[PDB]
Amino acid sequence: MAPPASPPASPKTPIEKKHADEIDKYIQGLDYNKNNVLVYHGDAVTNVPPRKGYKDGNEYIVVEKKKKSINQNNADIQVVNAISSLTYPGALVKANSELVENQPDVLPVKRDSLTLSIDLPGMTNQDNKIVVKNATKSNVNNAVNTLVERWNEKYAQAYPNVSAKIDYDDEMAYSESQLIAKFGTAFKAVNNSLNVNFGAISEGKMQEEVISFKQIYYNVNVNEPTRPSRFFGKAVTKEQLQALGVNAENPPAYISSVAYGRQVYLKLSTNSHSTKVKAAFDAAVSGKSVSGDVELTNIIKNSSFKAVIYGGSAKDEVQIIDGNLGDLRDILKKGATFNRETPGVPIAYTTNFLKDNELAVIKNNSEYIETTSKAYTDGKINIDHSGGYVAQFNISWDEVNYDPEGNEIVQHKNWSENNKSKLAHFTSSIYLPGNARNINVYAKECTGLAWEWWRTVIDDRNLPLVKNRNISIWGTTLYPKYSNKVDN
Ligand code: NA
Ligand code: NA
Ligand code: NA
Ligand code: NA
Ligand code: NA
Ligand code: NA
Ligand code: NA
Ligand code: NA
Ligand code: NA
Ligand code: NA
Ligand code: NA
Ligand code: NA
Ligand code: NA
Ligand code: NA
Ligand code: NA
């Protein structure tokens, strides 16, 4: 919808007109930068811990950290569900830090009239509007219910399945301040249920994603008054507004539009160190969940979810659900279509400055440390010598570690049995740590011939680290055979 037309002006005595004019000039005289009134200044990252590598079990873990910035301007103000009833169209508030904190100070002044309008489908330009004489919380909310009932009784049958408007937001979690810049200060209230494990993520132990899923059934907006004084009761004066703290530092604003519906907050989590977790998470949410590829399928199998649901029930019931990632798409399924039983709750709203009816935007900036990890599984080299000859092996590799300042240290390693004559039947296993790379496997056999005493059987270089590399040699002095096979 576009904003509806203003109601007719209320009758005023000469001094009431004078007071209204004084209010107009006072508000119009308020000097401030609208682009800098509402701000959230997040964390400042002073330093980034160096890259480190360590061994844990059958794996080697590499943990990297990078400084990131989230800089974002939001026009949609988030709603803390517990105090959602305080959010209603036409409400007068101060535009300050408390609005950024998602608990704005409401101006306790008497009100004049306003026109509310709803964007439900099918309604005429006369049906979607209603005049509220005294714009209190009770009167506005009753007016909202009146509009909703009017739609249910004239147009509902003509529109059975009108899909909700989807407002979707997702982020890999790293810090509270980061997510506050993305999901508003209201995230803190939600996080009292979700409990994002920032500590474990910072240690590279787990990866978590936070999702905000809004299903908006309808929006109710308010007329934009041509005069700042139009929203105030005829008994309100400039002096009263000043005493209440309405000034250049705390500019007056009004809630121009409120989104009603159902909201689902999600906390996806896994212990996987894979770099495909995001893509895996994306698939488990969209229904694109393709079990054709087993890397994404494996992450999903070992991933869980926690869901906080608002406005998904008849009243103001709050649902909390835990489970496995594969069991989603059931929660996200419900609520896609608005119906009479589930009317929806306030979940978002926009604000306009009273001075020029300009849109109030929250300016967010936050720095955070992004922690990414990498897991390298240990491996074995299995040697089997069953040839009718004397054999000598030469097996080497590099092990990569990190100094205290994050720089790589490459140590060359040699098998203890290198250059030693071995008779069949010889078997041995070389245990390679996760940080081992560039595996070299060499083997020669003594032929006993004067022109060719030693004969090379194997000379494979720069081999990748696998779980089980089986090196076998057999045959005779004239006909040596070998195999270099993986994982079998
Ligand atoms: Na981010
Ligand atoms: Na309300
Ligand atoms: Na007053
Ligand atoms: Na009033
Ligand atoms: Na009010
Ligand atoms: Na997003
Ligand atoms: Na933080
Ligand atoms: Na949010
Ligand atoms: Na914010
Ligand atoms: Na929090
Ligand atoms: Na809650
Ligand atoms: Na996702
Ligand atoms: Na302004
Ligand atoms: Na991570
Ligand atoms: Na490395």
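Here the residues of each chain are numbered from 1 in the order the sequence is written, which can differ from the numbering of the entry; residues without coordinates are not included. Key to labels: chains lettered from A, ligands numbered from 1, both in the order written. Derived side-chain values reflect all non-hydrogen atoms in the structure, with water molecules and hydrogen atoms excluded from consideration.

Caption draft 1: Up close: the coordination of the sodium ion (ligand 7). Protein ligation of the sodium ion (ligand 7) involves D43 (OD) and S177 (N), the donor distances falling in the range 2.7 to 2.9 Å. Of the two residues, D43 is situated in the loop between β1 (39-41) and β2 (52-56) and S177 in helix α4 (residues 176-183); the sequence distance between them amounts to 134 residues. With relative accessibility at 43%, the residue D43 sits in the partly exposed group. Excluding water, the donors of a metal are its N, O and S neighbours within 2.8 Å, or within 3.2 Å for Na, K and Ca, and that exclusion means sites may look incomplete. Only DSSP runs of H or I with at least four residues qualify as helices, and only runs of E with at least two residues qualify as strands; both kinds are numbered from the N terminus onward. The classification of residues rests on relative accessible area computed with a 1.4 Å probe and restricted to protein chains. Under 20% of the type maximum is buried, over 50% is exposed, and intermediate values are partly exposed.

Caption draft 2: Molecular detail of the coordination of the sodium ion (ligand 12). Every protein donor of the sodium ion (ligand 12) is accounted for by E209 (OE), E209 (OE) and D282 (OD), and the metal-donor separations fall at 2.6 to 2.8 Å. One end of the pair, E209, is in strand β9 (residues 207-222); the other, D282, is in helix α8 (residues 277-286), and 73 residues separate them in sequence.

Caption draft 3: Summary view of the domain arrangement of the protein. Each domain of the protein was delimited in the assignment, giving domain 1 (1-377) and domain 2 (378-488). Here, residues are in contact when the closest pair of their heavy atoms is within 4.5 Å. On the side of domain 2, 16 residues touch domain 1, which itself brings 12 residues to the contact. When two components associate, each loses some accessible surface as probed by a 1.4 Å sphere; the sum of these losses over both components is called the buried area. With both chains or domains summed, domain 1 and domain 2 bury close to 890 Å², and 49% of this area falls on carbon and sulfur atoms. Among the residues domain 1 hides against domain 2, the three largest losses belong to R51, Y60 and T377. Together they make up 60% of the total. With its nearest N and O atoms 2.7 Å apart, the salt bridge here joins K55 to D378. A 3.5 Å cut-off defines polar contacts: any pair of N or O atoms within that distance qualifies, except that in protein one atom must be a possible hydrogen donor and the other a possible acceptor, and neighbouring residues in sequence count only when both atoms are side-chain atoms. Taken together, domain 1 and domain 2 are joined by 4 residue pairs in polar contact. Listed by contribution, the elements that provide at least two residues to the side of domain 1 that touches domain 2 are β2, β3 (59-74) and β14 (362-377). Within the side of domain 1 that touches domain 2, the residues separate by chemical class into 4 nonpolar, 4 polar and 4 charged. Each domain's extent was defined by an automatic or database domain assignment. Any carboxyl oxygen of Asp or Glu within 4 Å of a side-chain nitrogen of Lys or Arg constitutes a salt bridge here. Residue polarity is assigned by list, with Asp, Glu, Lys and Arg as charged and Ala, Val, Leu, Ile, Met, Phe, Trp, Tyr, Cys and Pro as nonpolar; anything else, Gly included, falls into the polar class.

Caption draft 4: Geometry of the packing of α8 against helix α9 (residues 294-301). In this description, a line fitted to the C-alpha atoms serves as the axis of each element, helices being fitted only across the stretch in contact, and the angle between N-to-C directions of two axes falls anywhere from 0 to 180 degrees. Where α8 contacts α9, the axes come no closer than 9 Å and their chain directions differ by 75°. Relative to α9, α8 is oriented roughly perpendicular. Taking contact as the criterion, the partners of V277, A279, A280 and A284 in α8 are, on α9, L296, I299 and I300. Its residues assigned to classes, the contact of α8 with α9 comprises 7 nonpolar, no polar and no charged. Orientation is classified from the angle alone, with under 35 degrees giving roughly parallel, over 145 giving roughly antiparallel, 65 to 115 giving roughly perpendicular, and any other angle giving oblique.

Caption draft 5: Main features of the sheet that holds strand β16 (residues 391-402). Two strands qualify as a pair provided that DSSP identifies no fewer than 2 bridges between them. Spatially, β17-β16-β19-β20 is the arrangement adopted by the 4 strands of the open sheet, whose pairing is antiparallel. Edge positions in the sheet fall to β17 (408-414) and β20 (452-463), since each of these pairs with one other strand and no more. Direction aside, neighbouring strands of the sheet carry axes that sit 15° apart on average.

Caption draft 6: Region of interest: the side chain of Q215. Here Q215 lies in strand β9. Residue classification places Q215 among the buried residues on the basis of a relative accessible area of 2%. For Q215, the contacting residues outside a window of four places in its chain are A164, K165, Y260, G261, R262, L332, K334, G335, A336 and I347.

Caption draft 7: Just the packing of aromatic side chains, in detail. For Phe, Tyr and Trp, where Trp contributes only its six-membered ring, two rings pair if their centres lie within 6.5 Å, and the inter-plane angle classes them as stacked under 30 degrees, edge-to-face over 60, or tilted in between. Enumeration over the complete set of coordinates arrives at 13 aromatic pairs. Arranged with centres 5.3 Å apart and planes meeting at 35°, the rings of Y217 and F338 form a pair that is tilted. With a gap of 121 residues between them, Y217 in strand β9 and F338 in the loop between β12 (319-324) and β13 (345-353) connect regions that are remote in the sequence. No difference in accessibility class separates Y217 from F338, as the two residues are buried. Definition used: whenever NZ (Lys) or CZ (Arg) falls within 6 Å of the ring centre and also within 35 degrees of the ring normal, the charge is taken to sit over that ring. Here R111 stacks its cationic end above the ring of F231, 5.3 Å away from the centre of that ring. Over the ring of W454 we find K444, and its NZ or CZ is 4.7 Å from the ring centre.

Caption draft 8: Structural context of unusual backbone geometry. Going from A424 to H425, the amide bond is cis rather than trans, its omega being 0°. With respect to the helices and strands, the residue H425 is situated in the loop between β17 and β18 (426-432).

Caption draft 9: Inspection of the pattern of salt bridges at higher detail. The final tally for this structure, using the stated rule, is 20 salt bridges. The residue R340 makes a salt bridge to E149 at a minimum N-O spacing of 2.4 Å. Of this pair, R340 sits in the loop between β12 and β13 while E149 sits in helix α3 (residues 137-152), placing them 191 residues apart in sequence. According to the relative accessible area criterion, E149 is partly exposed, its value standing at 28%. Between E408 and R437 there is a salt bridge, with its nearest N and O atoms 3.9 Å apart. Within this pair, whereas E408 is found in strand β17, its partner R437 is found in strand β19 (residues 436-449), the two being separated by 29 residues in sequence. Linked through salt bridges whose partners overlap, the residues forming this network are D170, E209, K278 and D282.

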